[PDB]
$ cat structure_35.csv   # CSV, C-alpha atoms
chain,number,residue,atom,x,y,z
A,199,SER,CA,8.6,17.2,-15.1
A,200,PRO,CA,8.8,15.6,-18.5
A,201,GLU,CA,9.8,12.0,-19.1
A,202,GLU,CA,9.5,9.2,-21.7
A,203,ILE,CA,6.4,7.1,-21.4
A,204,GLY,CA,8.2,3.7,-21.5
A,205,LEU,CA,10.4,4.9,-18.7
A,206,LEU,CA,7.5,6.0,-16.6
A,207,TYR,CA,5.9,2.5,-16.9
A,208,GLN,CA,9.2,0.8,-16.0
A,209,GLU,CA,9.8,3.2,-13.0
A,210,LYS,CA,6.4,2.3,-11.6
A,211,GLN,CA,7.1,-1.5,-12.0
A,212,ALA,CA,10.5,-1.0,-10.4
A,213,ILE,CA,9.3,0.9,-7.4
A,214,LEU,CA,6.5,-1.8,-6.8
A,215,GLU,CA,9.1,-4.5,-6.9
A,216,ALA,CA,11.8,-2.9,-4.8
A,217,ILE,CA,9.7,-1.7,-1.8
A,218,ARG,CA,8.8,-3.9,1.1
A,219,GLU,CA,5.5,-2.2,1.9
A,220,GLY,CA,2.5,-3.8,0.5
A,221,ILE,CA,0.5,-1.7,-2.1
A,222,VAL,CA,-3.1,-2.2,-3.1
A,223,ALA,CA,-4.8,0.4,-5.4
A,224,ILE,CA,-8.3,0.7,-6.8
A,225,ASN,CA,-10.1,2.7,-9.3
A,226,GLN,CA,-13.3,4.7,-8.6
A,227,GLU,CA,-15.3,1.5,-9.2
A,228,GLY,CA,-13.5,-0.2,-6.4
A,229,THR,CA,-11.7,-2.8,-8.6
A,230,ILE,CA,-8.1,-3.5,-7.7
A,231,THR,CA,-5.9,-1.8,-10.3
A,232,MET,CA,-2.4,-2.3,-8.8
A,233,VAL,CA,-0.8,-4.8,-6.3
A,234,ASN,CA,2.8,-5.7,-5.5
A,235,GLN,CA,4.4,-8.9,-4.4
A,236,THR,CA,4.8,-7.7,-0.8
A,237,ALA,CA,1.0,-7.2,-0.6
A,238,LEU,CA,0.3,-10.6,-2.2
A,239,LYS,CA,2.6,-12.2,0.5
A,240,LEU,CA,0.9,-10.3,3.4
A,241,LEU,CA,-2.6,-11.1,2.2
A,242,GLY,CA,-1.9,-14.8,1.4
A,243,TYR,CA,-2.2,-14.8,-2.4
A,244,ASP,CA,0.0,-16.6,-4.9
A,245,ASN,CA,0.2,-14.0,-7.8
A,246,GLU,CA,-1.1,-10.8,-9.2
A,247,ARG,CA,-3.9,-12.4,-11.2
A,248,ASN,CA,-5.4,-13.8,-8.0
A,249,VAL,CA,-6.2,-10.2,-7.1
A,250,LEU,CA,-6.2,-7.7,-10.1
A,251,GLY,CA,-9.7,-6.6,-11.4
A,252,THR,CA,-11.4,-7.9,-8.2
A,253,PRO,CA,-13.7,-5.6,-6.2
A,254,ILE,CA,-11.5,-4.7,-3.2
A,255,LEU,CA,-14.4,-5.4,-0.8
A,256,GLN,CA,-14.5,-9.0,-1.9
A,257,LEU,CA,-11.0,-9.6,-0.6
A,258,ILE,CA,-10.7,-7.0,2.1
A,259,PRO,CA,-14.2,-6.5,3.2
A,260,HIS,CA,-13.2,-3.9,5.9
A,261,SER,CA,-11.1,-1.8,3.5
A,262,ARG,CA,-11.4,2.0,3.8
A,263,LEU,CA,-10.3,2.6,0.2
A,264,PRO,CA,-13.8,3.1,-1.1
A,265,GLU,CA,-14.2,5.7,1.6
A,266,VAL,CA,-11.1,7.6,0.5
A,267,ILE,CA,-12.7,7.6,-3.1
A,268,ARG,CA,-15.8,9.3,-1.6
A,269,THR,CA,-14.0,11.9,0.6
A,270,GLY,CA,-10.9,12.5,-1.4
A,271,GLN,CA,-9.2,12.7,2.0
A,272,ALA,CA,-6.0,10.9,2.9
A,273,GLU,CA,-5.7,8.8,5.9
A,274,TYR,CA,-2.4,8.2,7.6
A,275,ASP,CA,-0.9,5.7,10.1
A,276,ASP,CA,-3.9,3.5,10.7
A,277,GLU,CA,-3.1,0.4,12.6
A,278,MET,CA,-4.8,-2.8,11.4
A,279,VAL,CA,-4.7,-6.4,12.3
A,280,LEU,CA,-3.8,-8.8,9.6
A,281,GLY,CA,-4.2,-12.5,10.4
A,282,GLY,CA,-3.6,-11.6,14.1
A,283,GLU,CA,-0.3,-9.6,13.4
A,284,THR,CA,-0.2,-5.8,13.3
A,285,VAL,CA,0.4,-3.6,10.1
A,286,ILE,CA,0.1,0.1,9.5
A,287,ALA,CA,-1.7,1.6,6.5
A,288,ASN,CA,-1.6,4.9,4.8
A,289,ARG,CA,-4.4,5.6,2.2
A,290,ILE,CA,-4.0,8.2,-0.4
A,291,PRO,CA,-6.5,9.4,-3.1
A,292,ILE,CA,-5.3,9.5,-6.7
A,293,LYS,CA,-6.4,12.6,-8.5
A,294,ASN,CA,-6.2,13.8,-12.1
A,295,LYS,CA,-4.8,17.3,-13.1
A,296,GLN,CA,-8.3,18.8,-12.7
A,297,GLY,CA,-8.5,17.7,-9.0
A,298,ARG,CA,-11.0,14.8,-9.5
A,299,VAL,CA,-10.6,11.5,-7.5
A,300,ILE,CA,-9.8,8.7,-10.0
A,301,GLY,CA,-8.6,6.0,-7.5
A,302,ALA,CA,-7.0,5.4,-4.1
A,303,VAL,CA,-3.9,3.5,-2.9
A,304,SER,CA,-3.2,1.8,0.5
A,305,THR,CA,0.2,0.8,1.8
A,306,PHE,CA,0.6,-1.9,4.4
A,307,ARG,CA,3.8,-1.6,6.4
A,308,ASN,CA,5.3,-3.4,9.4
B,199,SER,CA,-4.5,14.4,-22.7
B,200,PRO,CA,-4.9,10.5,-23.0
B,201,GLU,CA,-6.7,9.3,-19.7
B,202,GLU,CA,-4.6,6.2,-19.2
B,203,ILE,CA,-1.2,7.8,-19.5
B,204,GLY,CA,-2.3,10.5,-17.1
B,205,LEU,CA,-3.4,7.7,-14.7
B,206,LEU,CA,0.0,5.9,-15.0
B,207,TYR,CA,1.7,9.2,-14.1
B,208,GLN,CA,-0.6,9.8,-11.0
B,209,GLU,CA,-0.1,6.1,-9.8
B,210,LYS,CA,3.7,6.6,-9.7
B,211,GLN,CA,3.3,9.9,-7.8
B,212,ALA,CA,0.8,8.3,-5.4
B,213,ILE,CA,3.0,5.4,-4.5
B,214,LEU,CA,6.0,7.7,-3.9
B,215,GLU,CA,3.9,9.8,-1.6
B,216,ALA,CA,2.2,7.0,0.4
B,217,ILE,CA,5.2,4.8,1.3
B,218,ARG,CA,7.5,5.4,4.3
B,219,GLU,CA,10.6,3.7,2.9
B,220,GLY,CA,13.1,5.9,1.2
B,221,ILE,CA,13.4,5.8,-2.5
B,222,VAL,CA,16.3,7.0,-4.6
B,223,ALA,CA,16.6,6.4,-8.3
B,224,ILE,CA,19.3,7.1,-10.9
B,225,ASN,CA,19.8,7.1,-14.6
B,226,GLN,CA,22.6,5.3,-16.4
B,227,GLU,CA,24.9,8.3,-15.9
B,228,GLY,CA,24.4,8.0,-12.1
B,229,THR,CA,22.5,11.2,-11.6
B,230,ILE,CA,19.4,11.1,-9.2
B,231,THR,CA,16.1,11.0,-11.1
B,232,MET,CA,13.6,10.4,-8.3
B,233,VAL,CA,13.6,10.9,-4.6
B,234,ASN,CA,10.8,10.9,-2.0
B,235,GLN,CA,10.4,12.7,1.2
B,236,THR,CA,11.5,9.8,3.5
B,237,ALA,CA,14.8,9.7,1.5
B,238,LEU,CA,15.2,13.5,1.7
B,239,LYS,CA,15.0,13.2,5.5
B,240,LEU,CA,17.7,10.5,5.6
B,241,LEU,CA,20.1,12.5,3.4
B,242,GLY,CA,19.4,15.7,5.5
B,243,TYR,CA,17.7,17.9,2.9
B,244,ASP,CA,14.5,19.9,3.0
B,245,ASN,CA,14.5,20.7,-0.7
B,246,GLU,CA,14.4,18.1,-3.5
B,247,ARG,CA,16.3,20.5,-5.8
B,248,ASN,CA,19.4,20.0,-3.7
B,249,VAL,CA,19.3,16.3,-4.6
B,250,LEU,CA,17.7,15.8,-8.1
B,251,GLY,CA,20.2,15.8,-10.9
B,252,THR,CA,23.1,15.2,-8.4
B,253,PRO,CA,25.5,12.3,-9.0
B,254,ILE,CA,24.4,9.8,-6.4
B,255,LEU,CA,28.0,9.2,-5.2
B,256,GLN,CA,28.3,12.8,-4.2
B,257,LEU,CA,25.6,12.1,-1.6
B,258,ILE,CA,25.9,8.4,-0.9
B,259,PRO,CA,29.6,7.7,-1.6
B,260,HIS,CA,29.2,4.0,-0.6
B,261,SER,CA,26.2,3.5,-3.0
B,262,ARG,CA,26.1,0.4,-5.1
B,263,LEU,CA,23.4,1.8,-7.5
B,264,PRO,CA,26.0,2.5,-10.1
B,265,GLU,CA,27.2,-1.1,-9.8
B,266,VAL,CA,23.6,-2.3,-10.5
B,267,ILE,CA,23.6,-0.2,-13.6
B,268,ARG,CA,26.8,-2.1,-14.8
B,269,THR,CA,25.6,-5.5,-14.0
B,270,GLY,CA,21.8,-5.2,-14.4
B,271,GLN,CA,21.6,-7.5,-11.4
B,272,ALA,CA,19.3,-6.8,-8.5
B,273,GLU,CA,20.7,-6.8,-4.9
B,274,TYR,CA,18.5,-7.4,-1.9
B,275,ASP,CA,18.5,-6.8,1.9
B,276,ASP,CA,21.8,-4.9,2.2
B,277,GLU,CA,22.4,-3.3,5.6
B,278,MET,CA,23.9,0.3,5.4
B,279,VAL,CA,24.3,3.4,7.5
B,280,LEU,CA,22.9,6.6,6.0
B,281,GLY,CA,23.5,9.7,8.0
B,282,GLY,CA,24.0,7.6,11.1
B,283,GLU,CA,20.7,5.7,10.7
B,284,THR,CA,20.9,1.9,10.1
B,285,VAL,CA,18.8,0.9,7.0
B,286,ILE,CA,18.2,-2.0,4.8
B,287,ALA,CA,18.5,-1.4,1.0
B,288,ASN,CA,17.1,-3.2,-2.0
B,289,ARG,CA,18.6,-2.2,-5.4
B,290,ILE,CA,16.7,-2.9,-8.6
B,291,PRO,CA,17.7,-2.2,-12.2
B,292,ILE,CA,15.3,-0.4,-14.5
B,293,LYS,CA,15.2,-1.9,-18.0
B,294,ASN,CA,13.6,-0.8,-21.3
B,295,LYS,CA,11.7,-3.2,-23.7
B,296,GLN,CA,15.1,-4.0,-25.4
B,297,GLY,CA,16.6,-5.4,-22.1
B,298,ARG,CA,19.0,-2.4,-21.8
B,299,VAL,CA,19.6,-1.0,-18.3
B,300,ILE,CA,18.3,2.6,-18.2
B,301,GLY,CA,18.4,3.2,-14.5
B,302,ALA,CA,18.3,1.7,-11.0
B,303,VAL,CA,16.2,2.3,-7.8
B,304,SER,CA,17.2,1.8,-4.2
B,305,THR,CA,14.7,1.5,-1.4
B,306,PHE,CA,15.8,2.2,2.3
B,307,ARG,CA,13.8,0.8,5.0
B,308,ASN,CA,14.0,0.1,8.8

$ encode --input "structure_35.csv" --output "structure tokens"
Amino acid sequence: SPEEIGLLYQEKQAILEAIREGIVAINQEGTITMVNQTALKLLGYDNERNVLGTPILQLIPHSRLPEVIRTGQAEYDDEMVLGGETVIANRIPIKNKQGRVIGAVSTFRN
Amino acid sequence: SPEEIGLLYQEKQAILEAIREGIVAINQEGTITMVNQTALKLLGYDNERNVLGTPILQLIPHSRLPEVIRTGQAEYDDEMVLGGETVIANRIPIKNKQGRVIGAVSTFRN
């Protein structure tokens, strides 16, 4: 439904900050477009500039995000090992109004 | 139809969908502005229209979200019971460019 653009921006930033799942998103090119602090902590990075704009496969060479770009098919409850500990990922494609795949997002939860 | 604003909208919607923490947000008046499916399950609703636009205190009478609106001060790792489930809540204020508190979001996690 309709909302102010400034608000939409601030809502996104607030959600990223408040959650304790990690988020990593990419564009269709595979460059990281979105990351939260929880994700930086899980992955072992100091701050968002260490990661934004990087090809995701450079940092997570086994990522299935580029695959979700290709299929446009969500993947749920995938257990992964991260530095020996276990996390669970969901991977969702990001579509425009016209149905086209413009990106993809992974969560990483405990 | 600017591409980037459309993307920002879809990013917010994607995060809301992918996460498995509950999210509940309010405006300054205390009415619920955003809720996800995990949060609907905790509150005992099937249909978002039973929740959106409701005063948060009508559904979570012990909520401190209205208090965060007042203070503009974030609150972290607060243990609560919601419909008999034990959860941990973070509460983050939403501010505009002018510093004013325009809303607040809670996350509910295991």

$ closest_atom_pairs --input "structure_35.csv" --of "chain A" --to "chain B" --cutoff "9 Å" --atoms "only C-alpha atoms" --output "JSON lines"
{"residue": "A:203", "atom": "CA", "partner": "B:203", "partner_atom": "CA", "distance": 7.9}
{"residue": "A:204", "atom": "CA", "partner": "B:294", "partner_atom": "CA", "distance": 7.0}
{"residue": "A:205", "atom": "CA", "partner": "B:294", "partner_atom": "CA", "distance": 7.0}
{"residue": "A:206", "atom": "CA", "partner": "B:207", "partner_atom": "CA", "distance": 7.1}
{"residue": "A:207", "atom": "CA", "partner": "B:206", "partner_atom": "CA", "distance": 7.1}
{"residue": "A:208", "atom": "CA", "partner": "B:292", "partner_atom": "CA", "distance": 6.4}
{"residue": "A:209", "atom": "CA", "partner": "B:292", "partner_atom": "CA", "distance": 6.7}
{"residue": "A:210", "atom": "CA", "partner": "B:210", "partner_atom": "CA", "distance": 5.4}
{"residue": "A:211", "atom": "CA", "partner": "B:292", "partner_atom": "CA", "distance": 8.6}
{"residue": "A:212", "atom": "CA", "partner": "B:292", "partner_atom": "CA", "distance": 6.3}
{"residue": "A:213", "atom": "CA", "partner": "B:303", "partner_atom": "CA", "distance": 7.1}
{"residue": "A:214", "atom": "CA", "partner": "B:213", "partner_atom": "CA", "distance": 8.3}
{"residue": "A:215", "atom": "CA", "partner": "B:290", "partner_atom": "CA", "distance": 8.0}
{"residue": "A:216", "atom": "CA", "partner": "B:288", "partner_atom": "CA", "distance": 6.0}
{"residue": "A:217", "atom": "CA", "partner": "B:305", "partner_atom": "CA", "distance": 5.9}
{"residue": "A:218", "atom": "CA", "partner": "B:307", "partner_atom": "CA", "distance": 7.9}
{"residue": "A:219", "atom": "CA", "partner": "B:217", "partner_atom": "CA", "distance": 7.0}
{"residue": "A:221", "atom": "CA", "partner": "B:213", "partner_atom": "CA", "distance": 7.9}
{"residue": "A:223", "atom": "CA", "partner": "B:209", "partner_atom": "CA", "distance": 8.6}
{"residue": "A:232", "atom": "CA", "partner": "B:209", "partner_atom": "CA", "distance": 8.8}
{"residue": "A:274", "atom": "CA", "partner": "B:216", "partner_atom": "CA", "distance": 8.6}
{"residue": "A:288", "atom": "CA", "partner": "B:216", "partner_atom": "CA", "distance": 6.2}
{"residue": "A:289", "atom": "CA", "partner": "B:216", "partner_atom": "CA", "distance": 7.0}
{"residue": "A:290", "atom": "CA", "partner": "B:216", "partner_atom": "CA", "distance": 6.4}
{"residue": "A:291", "atom": "CA", "partner": "B:212", "partner_atom": "CA", "distance": 7.7}
{"residue": "A:292", "atom": "CA", "partner": "B:212", "partner_atom": "CA", "distance": 6.4}
{"residue": "A:293", "atom": "CA", "partner": "B:208", "partner_atom": "CA", "distance": 6.9}
{"residue": "A:294", "atom": "CA", "partner": "B:208", "partner_atom": "CA", "distance": 7.0}
{"residue": "A:295", "atom": "CA", "partner": "B:204", "partner_atom": "CA", "distance": 8.3}
{"residue": "A:300", "atom": "CA", "partner": "B:205", "partner_atom": "CA", "distance": 8.0}
{"residue": "A:301", "atom": "CA", "partner": "B:209", "partner_atom": "CA", "distance": 8.8}
{"residue": "A:302", "atom": "CA", "partner": "B:212", "partner_atom": "CA", "distance": 8.4}
{"residue": "A:303", "atom": "CA", "partner": "B:212", "partner_atom": "CA", "distance": 7.2}
{"residue": "A:304", "atom": "CA", "partner": "B:216", "partner_atom": "CA", "distance": 7.5}
{"residue": "A:305", "atom": "CA", "partner": "B:217", "partner_atom": "CA", "distance": 6.4}
{"residue": "A:306", "atom": "CA", "partner": "B:217", "partner_atom": "CA", "distance": 8.7}
{"residue": "A:307", "atom": "CA", "partner": "B:218", "partner_atom": "CA", "distance": 8.2}

$ closest_residue --input "structure_35.csv" --among "B:267, B:241, B:257, B:278" --to "residue B:298" --atoms "all atoms listed in the file"
B:267

$ calpha_fit_and_write --input "structure_35.csv" --fixed "chain A" --moving "chain B" --output "mmCIF file with C-alpha atoms, in the coordinates of the input"
data_model
loop_
_atom_site.group_PDB
_atom_site.id
_atom_site.type_symbol
_atom_site.label_atom_id
_atom_site.label_comp_id
_atom_site.auth_asym_id
_atom_site.auth_seq_id
_atom_site.Cartn_x
_atom_site.Cartn_y
_atom_site.Cartn_z
ATOM 1 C CA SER B 199 8.544 5.884 -27.809
ATOM 2 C CA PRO B 200 9.029 9.299 -25.921
ATOM 3 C CA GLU B 201 12.063 8.792 -23.450
ATOM 4 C CA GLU B 202 10.529 10.653 -20.542
ATOM 5 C CA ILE B 203 7.200 8.887 -20.470
ATOM 6 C CA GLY B 204 8.997 5.571 -20.660
ATOM 7 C CA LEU B 205 11.130 6.733 -17.676
ATOM 8 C CA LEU B 206 8.008 7.735 -15.641
ATOM 9 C CA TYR B 207 6.608 4.239 -16.277
ATOM 10 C CA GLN B 208 9.911 2.470 -15.171
ATOM 11 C CA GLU B 209 10.156 4.729 -11.975
ATOM 12 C CA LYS B 210 6.687 3.565 -10.831
ATOM 13 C CA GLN B 211 7.608 -0.094 -11.485
ATOM 14 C CA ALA B 212 10.949 0.350 -9.693
ATOM 15 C CA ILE B 213 9.470 1.809 -6.572
ATOM 16 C CA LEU B 214 6.822 -0.948 -6.387
ATOM 17 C CA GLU B 215 9.531 -3.535 -6.662
ATOM 18 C CA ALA B 216 12.054 -2.042 -4.185
ATOM 19 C CA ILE B 217 9.801 -1.301 -1.181
ATOM 20 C CA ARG B 218 8.852 -3.865 1.497
ATOM 21 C CA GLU B 219 5.561 -2.284 2.559
ATOM 22 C CA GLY B 220 2.462 -3.602 0.935
ATOM 23 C CA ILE B 221 0.721 -1.540 -1.616
ATOM 24 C CA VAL B 222 -2.842 -1.897 -2.813
ATOM 25 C CA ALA B 223 -4.552 0.572 -5.075
ATOM 26 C CA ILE B 224 -8.101 0.934 -6.423
ATOM 27 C CA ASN B 225 -10.031 2.878 -8.960
ATOM 28 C CA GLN B 226 -13.200 4.816 -8.241
ATOM 29 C CA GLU B 227 -15.290 1.673 -8.783
ATOM 30 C CA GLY B 228 -13.302 -0.081 -5.999
ATOM 31 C CA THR B 229 -11.559 -2.611 -8.159
ATOM 32 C CA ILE B 230 -7.761 -3.277 -7.448
ATOM 33 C CA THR B 231 -5.490 -1.540 -9.965
ATOM 34 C CA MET B 232 -2.050 -2.130 -8.457
ATOM 35 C CA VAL B 233 -0.609 -4.573 -6.030
ATOM 36 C CA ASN B 234 2.989 -5.487 -5.123
ATOM 37 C CA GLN B 235 4.518 -8.639 -3.956
ATOM 38 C CA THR B 236 4.604 -7.747 -0.200
ATOM 39 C CA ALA B 237 0.793 -7.175 -0.431
ATOM 40 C CA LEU B 238 0.274 -10.453 -2.335
ATOM 41 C CA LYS B 239 1.988 -12.263 0.556
ATOM 42 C CA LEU B 240 -0.279 -10.619 3.154
ATOM 43 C CA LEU B 241 -3.474 -11.480 1.243
ATOM 44 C CA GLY B 242 -2.193 -15.112 0.686
ATOM 45 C CA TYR B 243 -1.805 -15.158 -3.100
ATOM 46 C CA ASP B 244 1.041 -16.250 -5.326
ATOM 47 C CA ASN B 245 -0.480 -14.865 -8.503
ATOM 48 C CA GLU B 246 -1.343 -11.189 -9.093
ATOM 49 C CA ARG B 247 -4.144 -12.229 -11.488
ATOM 50 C CA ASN B 248 -6.116 -13.550 -8.549
ATOM 51 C CA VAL B 249 -6.157 -10.024 -7.110
ATOM 52 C CA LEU B 250 -6.054 -7.395 -9.962
ATOM 53 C CA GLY B 251 -9.457 -6.316 -11.124
ATOM 54 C CA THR B 252 -11.080 -7.739 -7.905
ATOM 55 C CA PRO B 253 -13.338 -5.492 -5.813
ATOM 56 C CA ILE B 254 -11.144 -4.684 -2.854
ATOM 57 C CA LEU B 255 -13.925 -5.521 -0.340
ATOM 58 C CA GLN B 256 -14.022 -9.058 -1.577
ATOM 59 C CA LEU B 257 -10.473 -9.420 -0.230
ATOM 60 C CA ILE B 258 -10.243 -6.848 2.527
ATOM 61 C CA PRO B 259 -13.866 -6.577 3.741
ATOM 62 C CA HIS B 260 -12.876 -4.040 6.468
ATOM 63 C CA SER B 261 -11.054 -1.758 3.922
ATOM 64 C CA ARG B 262 -11.609 1.940 4.135
ATOM 65 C CA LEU B 263 -10.178 2.620 0.599
ATOM 66 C CA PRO B 264 -13.635 3.001 -0.784
ATOM 67 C CA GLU B 265 -14.394 5.545 1.944
ATOM 68 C CA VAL B 266 -11.304 7.573 0.836
ATOM 69 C CA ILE B 267 -12.666 7.569 -2.652
ATOM 70 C CA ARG B 268 -15.956 9.185 -1.292
ATOM 71 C CA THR B 269 -14.332 11.735 0.829
ATOM 72 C CA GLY B 270 -11.031 12.413 -0.997
ATOM 73 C CA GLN B 271 -9.514 12.672 2.462
ATOM 74 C CA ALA B 272 -6.297 10.931 3.364
ATOM 75 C CA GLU B 273 -6.146 8.691 6.507
ATOM 76 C CA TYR B 274 -2.902 7.935 8.269
ATOM 77 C CA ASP B 275 -1.427 5.355 10.712
ATOM 78 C CA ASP B 276 -4.444 3.033 11.015
ATOM 79 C CA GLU B 277 -3.738 -0.252 12.802
ATOM 80 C CA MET B 278 -5.411 -3.350 11.113
ATOM 81 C CA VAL B 279 -5.131 -7.104 11.008
ATOM 82 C CA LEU B 280 -4.642 -8.625 7.559
ATOM 83 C CA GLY B 281 -4.585 -12.361 7.452
ATOM 84 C CA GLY B 282 -3.681 -12.449 11.118
ATOM 85 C CA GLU B 283 -0.703 -10.072 10.742
ATOM 86 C CA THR B 284 -0.892 -6.685 12.567
ATOM 87 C CA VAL B 285 -0.143 -3.776 10.117
ATOM 88 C CA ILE B 286 -0.291 -0.093 9.962
ATOM 89 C CA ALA B 287 -2.115 1.454 6.934
ATOM 90 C CA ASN B 288 -1.917 4.829 5.270
ATOM 91 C CA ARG B 289 -4.704 5.609 2.734
ATOM 92 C CA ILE B 290 -4.195 8.291 0.109
ATOM 93 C CA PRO B 291 -6.586 9.518 -2.580
ATOM 94 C CA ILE B 292 -5.414 9.761 -6.165
ATOM 95 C CA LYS B 293 -6.623 12.927 -7.904
ATOM 96 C CA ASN B 294 -6.539 14.144 -11.534
ATOM 97 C CA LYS B 295 -5.608 17.770 -12.589
ATOM 98 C CA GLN B 296 -9.348 18.728 -12.160
ATOM 99 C CA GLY B 297 -9.322 17.775 -8.393
ATOM 100 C CA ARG B 298 -11.583 14.723 -9.046
ATOM 101 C CA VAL B 299 -10.825 11.546 -7.071
ATOM 102 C CA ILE B 300 -9.815 8.800 -9.541
ATOM 103 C CA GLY B 301 -8.471 6.257 -7.135
ATOM 104 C CA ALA B 302 -6.896 5.571 -3.736
ATOM 105 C CA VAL B 303 -3.737 3.709 -2.484
ATOM 106 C CA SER B 304 -3.189 1.950 0.804
ATOM 107 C CA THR B 305 0.232 1.116 2.139
ATOM 108 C CA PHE B 306 0.654 -1.694 4.844
ATOM 109 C CA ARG B 307 3.645 -1.670 6.919
ATOM 110 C CA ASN B 308 5.016 -3.228 10.184
#

$ closest_residue --input "structure_35.csv" --among "A:245, A:226, A:254, A:262" --to "residue A:276" --atoms "all atoms listed in the file"
A:262

$ closest_residue --input "structure_35.csv" --among "B:275, B:246, B:265, B:202" --to "residue B:228" --atoms "all atoms listed in the file"
B:265

$ closest_residue --input "structure_35.csv" --among "A:199, A:236, A:266, A:282" --to "residue B:250" --atoms "only C-alpha atoms"
A:199

$ atom_distance --input "structure_35.csv" --atom1 "atom CA of residue B:268" --atom2 "atom CA of residue B:227"
10.6 Å

$ atom_distance --input "structure_35.csv" --atom1 "atom CA of residue A:251" --atom2 "atom CA of residue A:230"
5.1 Å

$ decode --input "structure_35.csv" --residues "stretch 219-231 of chain A" --atoms "N, CA, C and O atoms" --output "PDB file, in the first residue's frame"
ATOM      1  N   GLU A 219      18.964 -12.171  12.590  1.00  0.00           N
ATOM      2  CA  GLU A 219      19.374 -13.015  11.519  1.00  0.00           C
ATOM      3  C   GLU A 219      20.315 -12.243  10.675  1.00  0.00           C
ATOM      4  O   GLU A 219      20.176 -11.033  10.516  1.00  0.00           O
ATOM      5  N   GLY A 220      21.274 -12.907  10.067  1.00  0.00           N
ATOM      6  CA  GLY A 220      22.085 -12.205   9.089  1.00  0.00           C
ATOM      7  C   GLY A 220      21.345 -12.091   7.771  1.00  0.00           C
ATOM      8  O   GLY A 220      20.571 -12.967   7.425  1.00  0.00           O
ATOM      9  N   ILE A 221      21.521 -10.967   7.081  1.00  0.00           N
ATOM     10  CA  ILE A 221      21.069 -10.736   5.758  1.00  0.00           C
ATOM     11  C   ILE A 221      22.217 -10.388   4.883  1.00  0.00           C
ATOM     12  O   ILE A 221      23.033  -9.482   5.220  1.00  0.00           O
ATOM     13  N   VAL A 222      22.234 -11.043   3.736  1.00  0.00           N
ATOM     14  CA  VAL A 222      23.092 -10.702   2.546  1.00  0.00           C
ATOM     15  C   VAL A 222      22.290 -10.696   1.271  1.00  0.00           C
ATOM     16  O   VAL A 222      21.582 -11.676   0.989  1.00  0.00           O
ATOM     17  N   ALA A 223      22.225  -9.602   0.491  1.00  0.00           N
ATOM     18  CA  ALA A 223      21.547  -9.547  -0.742  1.00  0.00           C
ATOM     19  C   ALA A 223      22.508  -9.209  -1.867  1.00  0.00           C
ATOM     20  O   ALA A 223      23.567  -8.551  -1.656  1.00  0.00           O
ATOM     21  N   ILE A 224      22.114  -9.651  -3.053  1.00  0.00           N
ATOM     22  CA  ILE A 224      22.819  -9.333  -4.300  1.00  0.00           C
ATOM     23  C   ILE A 224      21.899  -8.815  -5.379  1.00  0.00           C
ATOM     24  O   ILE A 224      20.705  -9.068  -5.389  1.00  0.00           O
ATOM     25  N   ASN A 225      22.524  -8.177  -6.373  1.00  0.00           N
ATOM     26  CA  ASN A 225      21.820  -7.834  -7.547  1.00  0.00           C
ATOM     27  C   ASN A 225      21.961  -8.961  -8.592  1.00  0.00           C
ATOM     28  O   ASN A 225      22.535 -10.001  -8.346  1.00  0.00           O
ATOM     29  N   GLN A 226      21.427  -8.748  -9.777  1.00  0.00           N
ATOM     30  CA  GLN A 226      21.524  -9.768 -10.821  1.00  0.00           C
ATOM     31  C   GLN A 226      22.970 -10.034 -11.250  1.00  0.00           C
ATOM     32  O   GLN A 226      23.311 -11.164 -11.579  1.00  0.00           O
ATOM     33  N   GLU A 227      23.829  -9.025 -11.124  1.00  0.00           N
ATOM     34  CA  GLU A 227      25.278  -9.162 -11.391  1.00  0.00           C
ATOM     35  C   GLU A 227      26.013  -9.977 -10.358  1.00  0.00           C
ATOM     36  O   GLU A 227      27.144 -10.408 -10.592  1.00  0.00           O
ATOM     37  N   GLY A 228      25.382 -10.245  -9.220  1.00  0.00           N
ATOM     38  CA  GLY A 228      26.040 -10.966  -8.169  1.00  0.00           C
ATOM     39  C   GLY A 228      26.808 -10.081  -7.178  1.00  0.00           C
ATOM     40  O   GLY A 228      27.510 -10.636  -6.338  1.00  0.00           O
ATOM     41  N   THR A 229      26.685  -8.729  -7.258  1.00  0.00           N
ATOM     42  CA  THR A 229      27.438  -7.848  -6.304  1.00  0.00           C
ATOM     43  C   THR A 229      26.529  -7.657  -5.055  1.00  0.00           C
ATOM     44  O   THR A 229      25.299  -7.624  -5.202  1.00  0.00           O
ATOM     45  N   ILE A 230      27.158  -7.630  -3.915  1.00  0.00           N
ATOM     46  CA  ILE A 230      26.424  -7.523  -2.645  1.00  0.00           C
ATOM     47  C   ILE A 230      25.855  -6.084  -2.583  1.00  0.00           C
ATOM     48  O   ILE A 230      26.569  -5.108  -2.711  1.00  0.00           O
ATOM     49  N   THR A 231      24.563  -6.006  -2.452  1.00  0.00           N
ATOM     50  CA  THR A 231      23.788  -4.780  -2.381  1.00  0.00           C
ATOM     51  C   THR A 231      23.266  -4.440  -1.010  1.00  0.00           C
ATOM     52  O   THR A 231      22.823  -3.294  -0.807  1.00  0.00           O
TER      53      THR A 231
END
